[PDB]
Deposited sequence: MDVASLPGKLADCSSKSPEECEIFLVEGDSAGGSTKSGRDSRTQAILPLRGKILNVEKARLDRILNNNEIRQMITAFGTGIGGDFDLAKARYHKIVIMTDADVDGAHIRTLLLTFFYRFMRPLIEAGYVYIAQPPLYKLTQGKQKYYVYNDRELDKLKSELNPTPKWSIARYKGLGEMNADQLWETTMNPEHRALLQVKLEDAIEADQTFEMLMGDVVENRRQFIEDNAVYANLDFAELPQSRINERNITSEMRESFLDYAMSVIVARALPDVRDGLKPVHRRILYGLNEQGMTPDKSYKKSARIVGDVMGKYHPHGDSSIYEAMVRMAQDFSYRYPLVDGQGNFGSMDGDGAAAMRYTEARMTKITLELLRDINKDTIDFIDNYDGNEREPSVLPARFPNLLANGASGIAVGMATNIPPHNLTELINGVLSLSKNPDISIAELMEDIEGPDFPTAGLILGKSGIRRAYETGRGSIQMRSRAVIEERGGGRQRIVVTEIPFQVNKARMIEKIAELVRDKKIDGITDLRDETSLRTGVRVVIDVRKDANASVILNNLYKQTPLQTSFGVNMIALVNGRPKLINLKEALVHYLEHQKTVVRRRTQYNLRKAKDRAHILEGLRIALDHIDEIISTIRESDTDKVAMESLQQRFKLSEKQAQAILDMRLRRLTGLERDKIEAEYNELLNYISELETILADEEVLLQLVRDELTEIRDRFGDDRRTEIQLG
């Protein structure tokens, strides 16, 4: 029969009219769909999702076809075989509508009249569960959520994202039960978190995996001045608190911020094997060790002085930075790439910072004068850029291809023979892979005069790729031909996209720098506001302890007579006119605070503290004094972390 024994979940009823078949993603909801359903009349085909990747008749699709009845133009019949309803059931997120599109598109091609008869439904899982206690809620779209929330008689906001979040009987009751359910008929043919979780933030130049990694290292106090911890310690922390995906994705990101050759200003300081340019992998996370770099402390300075807004983590049990204070221009400094739609090259910290300071002095500076500071990108991997034309367009429109060329010299080697010697290569270029191509060319006859080819590259000798040229051969020519047909020259395709005000923008150089400096103003100002506010609160406490201490006799006295902590309280406010807070601070004071030299510690603290409040108001009172702060602090970062440029930009 049409049964697929062991891949289909068969139903007892035999007339199609009655029967329905759910196409659900295996790992997603398979088991749970199979238990919750009504096996009198409901069938389940849990589809392998990884075989349904990017012919179209694959072992899985073959099952869909043999399960229904029908076929194509060869045996078409809708009046053939079972399931008068086919219900597509997939997750809300990226990999779950990816399948929904693929299942629809297919149907449209081979099973045209399944839609014409309208046997195909999409399922409608709940969308929100709202909480207080014994009063949780199932809602199915946003407009229903305004409705039921604005209603709640005595007065937790959780978005359903995957079907596996749901128990069976809940899947039954909400999504499949002919009674409560509510599906959807299909009629027409075949974006957010994909982007959110992909582009950097213009402000601290990080993507979510990175921010959370760096945040976690901070939250764990893995500072540069304390010993290494095994990477598994960072990865697990991040995985469980902020990034609920494979460790593999997290570790990879962390590894990469730790590579001298990937990052112009490495964010993680790792010990052990972190892979290579040839693309060797890092060793097991339980083996390599890692901590913050000194420079990263700068990415995180002041994060606790209320300078960035924190947001809920993915389950609402933690809090994470929507951004980092990032007190050096990280987006531009270490750049951003990845796999897919942004591409921004690295740059000199010195250059950048000056480039910032020169804006902070004149708001309407054009890329022109900005470029007098920022000559161009500067790669960790060094090497040569070809002109200022690629750079200029990329700084002006935010798009331009830069030509990177390796560093190569021609050396003699006696007996009239010659040698090509590659000291450094272009950024992101897999060296191994290039070596294998140069060699391939030799094999085929596509290039002529290579007698040998060695990758001597080692720590103590840096990059050394060595090409031996025969006697009967010019090397200077062979060299240009290598550029022409090997990664030895590679273009960098500039595409300065990034998150501005939440949404993705394509920024130019200047715009990138402007958005950064405004975030430093924001950050130093918010800091100042926090320090002030934290200082006043403490001084209001000190006001209170002084009063308390000067009159301890009396203080103890009223307390001793007072029956409960509560009457004590009000009895302190009436008698010493202390505020609620001072009264409580007093009550919570410990007898050890009564010793001789402590009273003075207190006066001396209040006295300096009053001055602190002073100079803080002095900053907030005047915006120029506050901007000088931003310049000063940035100048210092520059002096302590600025380095020589590594990449030569030549001209003609």
field: Missing stretches, numbered from 1 on the deposited chain sequence and kept in order
entry: 1 to 2, 57 to 63, 165 to 167, 203 to 261, 412 to 414
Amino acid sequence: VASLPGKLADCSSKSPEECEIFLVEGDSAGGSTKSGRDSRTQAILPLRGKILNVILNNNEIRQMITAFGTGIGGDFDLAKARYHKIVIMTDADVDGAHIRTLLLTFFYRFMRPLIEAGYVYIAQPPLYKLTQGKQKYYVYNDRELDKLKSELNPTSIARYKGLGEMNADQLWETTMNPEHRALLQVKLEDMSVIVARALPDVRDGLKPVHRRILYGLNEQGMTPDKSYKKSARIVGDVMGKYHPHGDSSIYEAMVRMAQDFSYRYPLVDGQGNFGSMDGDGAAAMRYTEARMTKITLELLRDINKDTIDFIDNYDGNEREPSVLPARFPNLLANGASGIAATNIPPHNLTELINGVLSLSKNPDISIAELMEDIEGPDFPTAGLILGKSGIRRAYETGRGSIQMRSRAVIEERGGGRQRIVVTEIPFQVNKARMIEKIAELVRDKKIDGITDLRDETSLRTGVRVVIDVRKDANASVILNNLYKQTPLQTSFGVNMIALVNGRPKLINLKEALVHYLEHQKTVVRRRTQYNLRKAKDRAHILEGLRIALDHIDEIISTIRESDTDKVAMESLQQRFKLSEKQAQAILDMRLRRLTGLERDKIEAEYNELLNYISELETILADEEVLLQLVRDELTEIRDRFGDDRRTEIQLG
From here on, numbers count along this sequence of modelled residues.
- request: Quick one: say whether 93 to 101 or 206 to 214 has the higher mean Cα B-factor in the deposited entry.
  value: 93 to 101
task: Between 102 to 110 and 160 to 168, name whichever shows the higher mean Cα B factor according to the PDB entry.
output: 102 to 110
field: From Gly400, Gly383, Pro377, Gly335, residue of greatest CA B-factor
entry: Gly335
query: Out of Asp315, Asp448, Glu298, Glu351, which residue has the highest Cα temperature factor in the PDB record?
result: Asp448
- request: For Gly30, return the chain-relative third of its C-alpha B-factor as stated in the PDB record: lowest, middle or highest.
  value: lowest
- prompt: Based on the entry's values, in what third of the chain does the Cα temperature factor of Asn611 lie: lowest, middle or highest?
  reply: middle
task: Determine, from the deposited record, the chain-internal third of the Cα B-factor for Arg592: lowest, middle or highest.
output: lowest
message: Is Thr307 in the lowest, middle or highest third of its chain when residues are ranked by C-alpha B-factor?
response: lowest
message: Using only modelled residues of the chain, where does the Cα B factor of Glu598 rank: lowest third, middle third or highest third?
response: highest
